[PDB]
Structures are given as structure tokens and as C-alpha cells.
>>> print(open('query.cif').read())   # mmCIF, C-alpha atoms and all ligand atoms
data_start
loop_
_atom_site.group_PDB
_atom_site.id
_atom_site.type_symbol
_atom_site.label_atom_id
_atom_site.label_comp_id
_atom_site.auth_asym_id
_atom_site.auth_seq_id
_atom_site.Cartn_x
_atom_site.Cartn_y
_atom_site.Cartn_z
ATOM 1 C CA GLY X 42 0.000 0.000 0.000
ATOM 2 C CA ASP X 43 2.722 2.506 0.910
ATOM 3 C CA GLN X 44 5.323 2.569 -1.893
ATOM 4 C CA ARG X 45 8.709 3.836 -0.665
ATOM 5 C CA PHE X 46 10.573 5.835 -3.304
ATOM 6 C CA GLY X 47 13.774 7.281 -1.871
ATOM 7 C CA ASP X 48 12.755 9.222 1.202
ATOM 8 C CA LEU X 49 9.158 9.699 -0.011
ATOM 9 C CA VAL X 50 6.025 7.544 0.283
ATOM 10 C CA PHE X 51 3.302 7.164 -2.343
ATOM 11 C CA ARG X 52 -0.133 5.618 -1.794
ATOM 12 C CA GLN X 53 -2.792 5.030 -4.448
ATOM 13 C CA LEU X 54 -6.160 6.309 -3.235
ATOM 14 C CA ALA X 55 -8.284 5.832 -6.362
ATOM 15 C CA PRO X 56 -7.649 4.703 -9.952
ATOM 16 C CA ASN X 57 -6.321 8.132 -10.974
ATOM 17 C CA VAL X 58 -5.298 9.570 -7.581
ATOM 18 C CA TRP X 59 -2.212 9.099 -5.388
ATOM 19 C CA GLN X 60 -1.083 10.661 -2.142
ATOM 20 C CA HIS X 61 2.529 11.867 -1.942
ATOM 21 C CA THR X 62 4.195 12.057 1.467
ATOM 22 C CA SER X 63 7.448 13.760 2.377
ATOM 23 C CA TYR X 64 9.210 14.322 5.709
ATOM 24 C CA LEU X 65 11.160 17.113 7.347
ATOM 25 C CA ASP X 66 12.815 17.131 10.733
ATOM 26 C CA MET X 67 11.343 19.965 12.734
ATOM 27 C CA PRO X 68 13.694 20.403 15.717
ATOM 28 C CA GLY X 69 11.330 19.891 18.647
ATOM 29 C CA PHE X 70 8.693 17.851 16.784
ATOM 30 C CA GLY X 71 10.367 14.875 15.077
ATOM 31 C CA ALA X 72 10.246 14.031 11.409
ATOM 32 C CA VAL X 73 6.949 15.524 10.274
ATOM 33 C CA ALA X 74 5.034 13.971 7.368
ATOM 34 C CA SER X 75 3.224 16.168 4.872
ATOM 35 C CA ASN X 76 0.804 14.829 2.276
ATOM 36 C CA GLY X 77 -0.265 16.126 -1.145
ATOM 37 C CA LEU X 78 -1.982 14.639 -4.178
ATOM 38 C CA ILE X 79 -1.193 13.518 -7.707
ATOM 39 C CA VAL X 80 -4.120 13.197 -10.145
ATOM 40 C CA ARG X 81 -4.083 11.743 -13.653
ATOM 41 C CA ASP X 82 -6.584 13.517 -15.892
ATOM 42 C CA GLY X 83 -6.516 11.707 -19.235
ATOM 43 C CA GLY X 84 -3.156 12.369 -20.847
ATOM 44 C CA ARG X 85 -1.791 14.726 -18.184
ATOM 45 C CA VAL X 86 -0.976 14.843 -14.479
ATOM 46 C CA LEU X 87 -2.006 17.488 -11.949
ATOM 47 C CA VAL X 88 -0.233 18.004 -8.617
ATOM 48 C CA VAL X 89 -1.654 19.353 -5.355
ATOM 49 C CA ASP X 90 1.098 20.711 -3.009
ATOM 50 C CA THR X 91 4.854 20.450 -3.277
ATOM 51 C CA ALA X 92 6.982 18.443 -0.857
ATOM 52 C CA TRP X 93 8.924 20.264 1.867
ATOM 53 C CA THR X 94 12.011 20.843 -0.337
ATOM 54 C CA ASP X 95 13.026 21.301 -3.927
ATOM 55 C CA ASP X 96 14.954 18.013 -3.892
ATOM 56 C CA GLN X 97 11.953 16.102 -2.575
ATOM 57 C CA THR X 98 9.689 17.790 -5.122
ATOM 58 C CA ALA X 99 12.030 16.764 -7.934
ATOM 59 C CA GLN X 100 11.684 13.211 -6.585
ATOM 60 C CA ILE X 101 7.881 13.510 -6.835
ATOM 61 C CA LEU X 102 8.375 14.392 -10.498
ATOM 62 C CA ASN X 103 10.707 11.392 -10.903
ATOM 63 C CA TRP X 104 8.105 9.074 -9.370
ATOM 64 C CA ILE X 105 5.458 10.489 -11.754
ATOM 65 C CA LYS X 106 7.761 9.836 -14.713
ATOM 66 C CA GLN X 107 8.315 6.214 -13.626
ATOM 67 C CA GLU X 108 4.768 5.329 -12.516
ATOM 68 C CA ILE X 109 2.569 7.424 -14.837
ATOM 69 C CA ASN X 110 4.878 8.736 -17.577
ATOM 70 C CA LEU X 111 2.675 11.648 -18.668
ATOM 71 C CA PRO X 112 3.414 15.401 -18.541
ATOM 72 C CA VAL X 113 2.586 17.352 -15.402
ATOM 73 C CA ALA X 114 0.300 20.125 -16.695
ATOM 74 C CA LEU X 115 0.041 22.181 -13.515
ATOM 75 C CA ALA X 116 0.386 22.244 -9.770
ATOM 76 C CA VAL X 117 -1.767 24.047 -7.226
ATOM 77 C CA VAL X 118 -0.473 24.741 -3.745
ATOM 78 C CA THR X 119 -2.737 25.219 -0.780
ATOM 79 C CA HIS X 120 -1.043 27.880 1.418
ATOM 80 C CA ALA X 121 2.268 29.686 1.963
ATOM 81 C CA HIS X 122 3.992 27.317 4.404
ATOM 82 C CA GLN X 123 7.014 25.151 3.629
ATOM 83 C CA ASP X 124 5.244 21.810 3.589
ATOM 84 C CA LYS X 125 2.949 23.030 0.769
ATOM 85 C CA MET X 126 5.145 25.480 -1.176
ATOM 86 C CA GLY X 127 8.737 24.614 -0.239
ATOM 87 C CA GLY X 128 9.438 22.947 -3.589
ATOM 88 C CA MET X 129 8.133 25.650 -5.954
ATOM 89 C CA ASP X 130 11.529 26.177 -7.610
ATOM 90 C CA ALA X 131 11.679 22.486 -8.558
ATOM 91 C CA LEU X 132 8.305 22.781 -10.324
ATOM 92 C CA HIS X 133 9.445 25.899 -12.164
ATOM 93 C CA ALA X 134 12.743 24.270 -13.147
ATOM 94 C CA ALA X 135 10.653 21.444 -14.701
ATOM 95 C CA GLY X 136 8.524 23.888 -16.690
ATOM 96 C CA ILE X 137 5.329 23.223 -14.716
ATOM 97 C CA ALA X 138 2.719 25.995 -14.451
ATOM 98 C CA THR X 139 1.963 26.794 -10.816
ATOM 99 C CA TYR X 140 -1.135 28.248 -9.097
ATOM 100 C CA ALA X 141 -1.892 29.450 -5.584
ATOM 101 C CA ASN X 142 -4.350 31.746 -3.837
ATOM 102 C CA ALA X 143 -3.460 35.348 -4.703
ATOM 103 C CA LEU X 144 -2.999 35.810 -0.950
ATOM 104 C CA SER X 145 -0.515 32.888 -0.773
ATOM 105 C CA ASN X 146 1.521 34.542 -3.536
ATOM 106 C CA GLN X 147 1.386 37.847 -1.664
ATOM 107 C CA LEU X 148 2.563 36.185 1.574
ATOM 108 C CA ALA X 149 5.161 33.915 -0.028
ATOM 109 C CA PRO X 150 8.210 36.251 0.239
ATOM 110 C CA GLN X 151 7.694 37.063 3.919
ATOM 111 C CA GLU X 152 7.049 33.382 4.668
ATOM 112 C CA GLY X 153 10.287 32.356 2.957
ATOM 113 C CA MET X 154 8.525 30.773 -0.040
ATOM 114 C CA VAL X 155 8.781 31.274 -3.779
ATOM 115 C CA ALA X 156 5.422 32.474 -5.180
ATOM 116 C CA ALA X 157 3.453 30.467 -7.726
ATOM 117 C CA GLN X 158 3.295 31.913 -11.230
ATOM 118 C CA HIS X 159 -0.493 32.358 -11.264
ATOM 119 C CA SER X 160 -2.956 33.703 -8.701
ATOM 120 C CA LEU X 161 -6.324 32.220 -7.934
ATOM 121 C CA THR X 162 -9.099 34.477 -6.792
ATOM 122 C CA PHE X 163 -12.368 33.458 -5.182
ATOM 123 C CA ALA X 164 -15.997 34.470 -5.280
ATOM 124 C CA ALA X 165 -17.804 35.633 -2.172
ATOM 125 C CA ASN X 166 -19.142 32.088 -1.703
ATOM 126 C CA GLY X 167 -15.621 30.581 -1.703
ATOM 127 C CA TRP X 168 -15.499 28.904 -5.136
ATOM 128 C CA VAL X 169 -12.560 29.781 -7.332
ATOM 129 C CA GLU X 170 -13.223 32.343 -10.047
ATOM 130 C CA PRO X 171 -13.125 29.999 -13.050
ATOM 131 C CA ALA X 172 -10.991 32.191 -15.284
ATOM 132 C CA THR X 173 -8.171 32.068 -12.693
ATOM 133 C CA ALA X 174 -8.066 28.239 -12.675
ATOM 134 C CA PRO X 175 -8.074 27.361 -16.406
ATOM 135 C CA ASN X 176 -7.617 23.760 -17.480
ATOM 136 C CA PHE X 177 -7.983 22.439 -13.942
ATOM 137 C CA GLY X 178 -9.897 19.371 -15.157
ATOM 138 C CA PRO X 179 -11.408 17.521 -12.192
ATOM 139 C CA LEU X 180 -9.827 19.799 -9.543
ATOM 140 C CA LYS X 181 -12.465 21.888 -7.818
ATOM 141 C CA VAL X 182 -10.815 24.628 -5.739
ATOM 142 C CA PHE X 183 -12.576 26.177 -2.742
ATOM 143 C CA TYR X 184 -11.527 28.882 -0.264
ATOM 144 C CA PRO X 185 -13.319 28.052 2.977
ATOM 145 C CA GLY X 186 -12.307 31.189 4.875
ATOM 146 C CA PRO X 187 -9.308 31.911 7.122
ATOM 147 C CA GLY X 188 -8.419 29.108 9.499
ATOM 148 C CA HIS X 189 -5.076 27.353 9.738
ATOM 149 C CA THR X 190 -3.801 30.384 7.852
ATOM 150 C CA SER X 191 -5.469 33.375 6.241
ATOM 151 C CA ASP X 192 -4.730 31.957 2.770
ATOM 152 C CA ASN X 193 -5.626 28.234 3.125
ATOM 153 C CA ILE X 194 -7.482 26.669 0.176
ATOM 154 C CA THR X 195 -8.956 23.203 -0.403
ATOM 155 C CA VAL X 196 -9.490 20.950 -3.402
ATOM 156 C CA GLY X 197 -12.102 18.382 -4.389
ATOM 157 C CA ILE X 198 -11.485 15.791 -7.128
ATOM 158 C CA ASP X 199 -14.468 15.374 -9.463
ATOM 159 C CA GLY X 200 -15.220 11.785 -10.321
ATOM 160 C CA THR X 201 -13.963 10.557 -6.944
ATOM 161 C CA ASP X 202 -15.068 10.577 -3.330
ATOM 162 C CA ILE X 203 -11.937 12.536 -2.338
ATOM 163 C CA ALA X 204 -11.635 16.061 -0.930
ATOM 164 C CA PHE X 205 -8.355 17.534 0.236
ATOM 165 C CA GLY X 206 -8.355 19.805 3.275
ATOM 166 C CA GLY X 207 -4.607 20.442 3.420
ATOM 167 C CA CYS X 208 -3.474 21.749 6.821
ATOM 168 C CA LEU X 209 -6.947 23.079 7.731
ATOM 169 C CA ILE X 210 -8.280 19.595 8.633
ATOM 170 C CA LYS X 211 -6.855 17.114 11.130
ATOM 171 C CA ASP X 212 -8.027 13.530 11.614
ATOM 172 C CA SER X 213 -10.710 12.142 13.917
ATOM 173 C CA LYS X 214 -8.281 11.367 16.759
ATOM 174 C CA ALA X 215 -6.082 14.445 16.617
ATOM 175 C CA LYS X 216 -5.504 16.039 19.990
ATOM 176 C CA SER X 217 -4.898 19.592 18.742
ATOM 177 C CA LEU X 218 -4.928 21.819 15.670
ATOM 178 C CA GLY X 219 -1.134 21.903 15.315
ATOM 179 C CA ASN X 220 0.497 25.141 14.206
ATOM 180 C CA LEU X 221 -1.705 28.094 15.242
ATOM 181 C CA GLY X 222 0.808 30.935 14.905
ATOM 182 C CA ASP X 223 -0.692 32.110 11.623
ATOM 183 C CA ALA X 224 -4.181 30.897 12.408
ATOM 184 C CA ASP X 225 -7.351 32.955 12.431
ATOM 185 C CA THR X 226 -8.607 31.818 15.810
ATOM 186 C CA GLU X 227 -11.937 33.615 15.450
ATOM 187 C CA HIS X 228 -12.884 32.122 12.072
ATOM 188 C CA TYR X 229 -11.176 28.685 12.085
ATOM 189 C CA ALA X 230 -14.209 26.705 13.209
ATOM 190 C CA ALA X 231 -16.500 28.254 10.583
ATOM 191 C CA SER X 232 -13.907 27.674 7.845
ATOM 192 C CA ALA X 233 -13.616 23.981 8.677
ATOM 193 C CA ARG X 234 -17.378 23.621 8.494
ATOM 194 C CA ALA X 235 -17.457 25.480 5.173
ATOM 195 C CA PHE X 236 -14.985 22.990 3.681
ATOM 196 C CA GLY X 237 -17.261 20.139 4.649
ATOM 197 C CA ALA X 238 -20.333 21.832 3.173
ATOM 198 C CA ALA X 239 -18.500 22.648 -0.088
ATOM 199 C CA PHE X 240 -17.775 18.925 -0.679
ATOM 200 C CA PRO X 241 -20.856 17.297 0.898
ATOM 201 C CA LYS X 242 -20.485 13.950 -0.835
ATOM 202 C CA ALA X 243 -16.734 13.426 -0.259
ATOM 203 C CA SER X 244 -16.306 10.361 1.923
ATOM 204 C CA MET X 245 -12.476 10.274 1.870
ATOM 205 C CA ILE X 246 -10.933 13.348 3.466
ATOM 206 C CA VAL X 247 -7.242 13.740 2.665
ATOM 207 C CA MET X 248 -5.159 16.116 4.700
ATOM 208 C CA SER X 249 -1.608 17.258 5.182
ATOM 209 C CA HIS X 250 -0.671 15.787 8.547
ATOM 210 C CA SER X 251 -2.846 12.646 8.987
ATOM 211 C CA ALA X 252 -3.703 9.588 6.879
ATOM 212 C CA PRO X 253 -6.965 9.851 4.919
ATOM 213 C CA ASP X 254 -10.018 9.752 7.185
ATOM 214 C CA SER X 255 -13.816 9.826 7.120
ATOM 215 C CA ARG X 256 -15.956 12.943 7.316
ATOM 216 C CA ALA X 257 -15.522 12.645 11.100
ATOM 217 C CA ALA X 258 -12.208 14.488 10.571
ATOM 218 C CA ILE X 259 -14.125 17.632 9.547
ATOM 219 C CA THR X 260 -16.455 17.847 12.540
ATOM 220 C CA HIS X 261 -13.706 16.880 14.965
ATOM 221 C CA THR X 262 -11.549 19.630 13.546
ATOM 222 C CA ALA X 263 -14.535 22.011 13.798
ATOM 223 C CA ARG X 264 -15.633 20.688 17.246
ATOM 224 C CA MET X 265 -12.026 21.473 18.290
ATOM 225 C CA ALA X 266 -11.525 24.897 16.641
ATOM 226 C CA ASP X 267 -14.423 26.207 18.728
ATOM 227 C CA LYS X 268 -11.871 26.253 21.653
ATOM 228 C CA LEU X 269 -9.811 29.109 20.158
ATOM 229 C CA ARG X 270 -12.592 31.711 20.175
HETATM 230 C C1 LIG X 301 5.712 23.633 8.878
HETATM 231 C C2 LIG X 301 4.252 23.176 9.153
HETATM 232 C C3 LIG X 301 3.320 24.095 8.319
HETATM 233 S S1 LIG X 301 1.547 23.702 8.473
HETATM 234 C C4 LIG X 301 3.990 23.286 10.651
HETATM 235 O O1 LIG X 301 3.999 24.402 11.165
HETATM 236 N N1 LIG X 301 3.820 22.147 11.356
HETATM 237 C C5 LIG X 301 3.868 20.793 10.780
HETATM 238 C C6 LIG X 301 2.539 20.103 11.101
HETATM 239 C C7 LIG X 301 2.319 20.015 12.604
HETATM 240 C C8 LIG X 301 0.968 19.333 12.880
HETATM 241 O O2 LIG X 301 -0.035 20.071 13.024
HETATM 242 O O3 LIG X 301 0.966 18.083 12.931
HETATM 243 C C9 LIG X 301 2.302 21.451 13.141
HETATM 244 C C10 LIG X 301 3.623 22.133 12.839
HETATM 245 ZN ZN ZN X 302 0.559 25.472 7.311
HETATM 246 ZN ZN ZN X 303 1.128 21.808 7.222
#
>>> encode(input="query.cif", output="C-alpha cells")
Amino acid sequence: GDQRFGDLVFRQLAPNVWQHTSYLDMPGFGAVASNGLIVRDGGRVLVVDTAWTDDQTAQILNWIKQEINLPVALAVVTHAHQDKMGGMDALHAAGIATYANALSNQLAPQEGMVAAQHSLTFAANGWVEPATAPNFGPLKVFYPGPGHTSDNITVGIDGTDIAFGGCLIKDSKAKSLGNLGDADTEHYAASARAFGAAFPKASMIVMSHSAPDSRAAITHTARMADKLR
């Protein structure tokens, strides 16, 4: 189930969807896993999130070449922290078009990240403005509101039961919300609930720092973010 490829782990979640996992030692926390997604859409591949580093992100591209062997048409990254955007330069070196929330691109320099090439913007109801996410295929991008960070976005995969909450959602048995230093403590709980309502039929909830879980991850995250207000 978990395919080891160098220092990374890959897990198939659906016929056209894989989870990528990479690790970084955070002095004081251990070797922290971060998950993203790889989606085959016909003759091309779409990536959600980089790995922590450029070298690890180049290894994701090597795994794609070996296991799928189709071009990577684009990548979308889900907020301006290192586990999601740390490997942007590796995507750009490979010629891959990159997308992030306009606010993630604004924050990227001060957070120590390289910005994506393209900015997503969002309607008042949270759905991406379609002209900013051209050729996204089955990826449905949703801004649920500020939570884990002000810029966090989420992604559903059409044709599957999968929705990706990134670092906004923790699993059913998590004991805390993790890194809160950039969090919007007032709005976190509402944002987690908005993610769940945006993808009401997703039964497999993928997230950055836990293995895929049921919809119980969303309400546990929400039932827990209430504590920060
Ligand atoms: C560098 C990342 C950006 S989200 C971070 O701050 N982490 C890693 C995940 C960890 C957790 O919540 O398990 C909280 C500390
Ligand atoms: Zn984060
Ligand atoms: Zn994270």
C-alpha cells in the first residue's frame, strides 16, 4: 500500500489519484510527514502541493515519470507554508505551471517561499473564479475562509469521493490543531465547516498531517476549533 521511493512515500487512493508524502525534521517535533496529491486527468498529471524541499519535489516528479509517464500540466499549492510550497523552484525548473491563492503569492516572500506563477481568486461564496483556474480538469478549488492560515485553500477531485483539506483539517483522533501561529482563531471553526459543506459527498478526506479519514475528521476539527474563540 505505501510505496517507498527514496525518502518519499506514495499511496494510491483511487484509480487516478495518489497521495505523496514527504518528511522534514522539525527540531522539537520529530520528522513531520506532509501529504499532497497527484491526479491523472486523461493524458496529463495534476499536482496538489509540493513536498517540503526542492529536492523532494524533484523526486515527486521522478516518481510520476516512472509510474505514470505523462506530462505534469500544472500544480496548485494550498497555502504559503514550507510543507505546501517549499518545492516551488523544482516545479518551475521542470517547466510546470503553478497556481496558488493570490494571498498565498502575496505572503510567499515574507514566509520564505517562492510564489506560484499564477494567482487564484475566489468568489464571495468561496469557489474559485473559473478564469483564474483554467484547465484544472477535475480539480475543484474552494476557499473556505481563514483558518489554519489566512490563505488556506482546499481541493475536491471530481469523479472521486476525495476532498483535500490540506493543513486546515486534522483527523478524527487528533488532539490539537497543530500550528496556530498564523491561524485565524476567530474564524477557524466556521472555515472547517465550510470545507465540509463545499464537498458534501466526499467520503475520503485527505489532509496534510494525517492519513486519509472519514468525514468525522471535519467535525472533529470544527468541534475542536471552537476552543480558540
Ligand atoms: C511547517 C508546518 C506548516 S503547516 C507546521 O507548522 N507544522 C507541521 C505540522 C504540525 C501538525 O499540526 O501536525 C504542526 C507544525
Ligand atoms: Zn501550514
Ligand atoms: Zn502543514
>>> resolve_selection(input="query.cif", expression="the PyMOL selection byres (((chain X and resi 88) around 6) and not hetatm)", output="ChimeraX atom specification")
/X:78-79,87,89,116
>>> write_last_selection(input="query.cif", atoms="C-alpha atoms", output="JSON list (two decimals), in the coordinates of the input")
[["chain", "number", "residue", "atom", "x", "y", "z"],
["X", 78, "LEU", "CA", -1.98, 14.64, -4.18],
["X", 79, "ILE", "CA", -1.19, 13.52, -7.71],
["X", 87, "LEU", "CA", -2.01, 17.49, -11.95],
["X", 89, "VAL", "CA", -1.65, 19.35, -5.36],
["X", 116, "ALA", "CA", 0.39, 22.24, -9.77]]
>>> resolve_selection(input="query.cif", expression="the PyMOL selection byres (((chain X and resi 233) around 12) and not hetatm)", output="VMD selection string")
chain X and resid 183 to 190 193 to 195 205 to 211 218 225 to 232 234 to 240 256 to 267
>>> atom_distance(input="query.cif", atom1="CA of residue 144 (chain X)", atom2="CA of residue 77 (chain X)")
19.9 Å
>>> closest_residue(input="query.cif", among="X:53, X:110, X:119, X:139", to="ligand ZN 303 (chain X)", atoms="only C-alpha atoms and all ligand atoms")
X:119
>>> residues_around(input="query.cif", residues="residue 252 (chain X)", least_positions_apart="3", cutoff="10 Å", atoms="all atoms listed in the file", output="number ranges by chain")
X: 60, 62, 74-76, 211-212, 246-249
>>> closest_residue(input="query.cif", among="X:59, X:64, X:46, X:104", to="ligand ZN 303 (chain X)", atoms="all atoms listed in the file")
X:64
>>> resolve_selection(input="query.cif", expression="the PyMOL selection byres (((chain X and resi 133-137) around 9) and not hetatm)", output="compact mmCIF listing (two decimals) with C-alpha atoms, in the frame of the given file")
# COMPACT_ATOMS: atom_id res chain seq x y z
CA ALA X 99 12.03 16.76 -7.93
CA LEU X 102 8.38 14.39 -10.50
CA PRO X 112 3.41 15.40 -18.54
CA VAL X 113 2.59 17.35 -15.40
CA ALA X 114 0.30 20.12 -16.70
CA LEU X 115 0.04 22.18 -13.52
CA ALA X 116 0.39 22.24 -9.77
CA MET X 129 8.13 25.65 -5.95
CA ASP X 130 11.53 26.18 -7.61
CA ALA X 131 11.68 22.49 -8.56
CA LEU X 132 8.30 22.78 -10.32
CA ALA X 138 2.72 26.00 -14.45
CA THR X 139 1.96 26.79 -10.82
CA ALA X 157 3.45 30.47 -7.73
CA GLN X 158 3.30 31.91 -11.23
>>> closest_atom_pairs(input="query.cif", of="chain X", to="ligand LIG 301 (chain X)", cutoff="7 Å", atoms="only C-alpha atoms and all ligand atoms", output="JSON lines")
{"residue": "X:73", "atom": "CA", "partner": "X:LIG301", "partner_atom": "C5", "distance": 6.1}
{"residue": "X:122", "atom": "CA", "partner": "X:LIG301", "partner_atom": "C3", "distance": 5.1}
{"residue": "X:123", "atom": "CA", "partner": "X:LIG301", "partner_atom": "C1", "distance": 5.6}
{"residue": "X:124", "atom": "CA", "partner": "X:LIG301", "partner_atom": "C3", "distance": 5.6}
{"residue": "X:208", "atom": "CA", "partner": "X:LIG301", "partner_atom": "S1", "distance": 5.6}
{"residue": "X:218", "atom": "CA", "partner": "X:LIG301", "partner_atom": "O2", "distance": 5.8}
{"residue": "X:219", "atom": "CA", "partner": "X:LIG301", "partner_atom": "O2", "distance": 3.1}
{"residue": "X:220", "atom": "CA", "partner": "X:LIG301", "partner_atom": "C9", "distance": 4.2}
{"residue": "X:250", "atom": "CA", "partner": "X:LIG301", "partner_atom": "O3", "distance": 5.2}
>>> atom_distance(input="query.cif", atom1="CA of residue 120 (chain X)", atom2="CA of residue 141 (chain X)")
7.2 Å
>>> axis_aligned_box(input="query.cif", around="region 115-121 of chain X", padding_each_side="5 Å", output="AutoDock Vina command-line options")
--center_x -0.2 --center_y 25.9 --center_z -5.8 --size_x 15.0 --size_y 17.5 --size_z 25.5
>>> residues_around(input="query.cif", residues="residue 126 (chain X)", least_positions_apart="6", cutoff="9 Å", atoms="all atoms listed in the file", output="PyMOL selection string")
chain X and resi 90-94+118-120+149+154-157
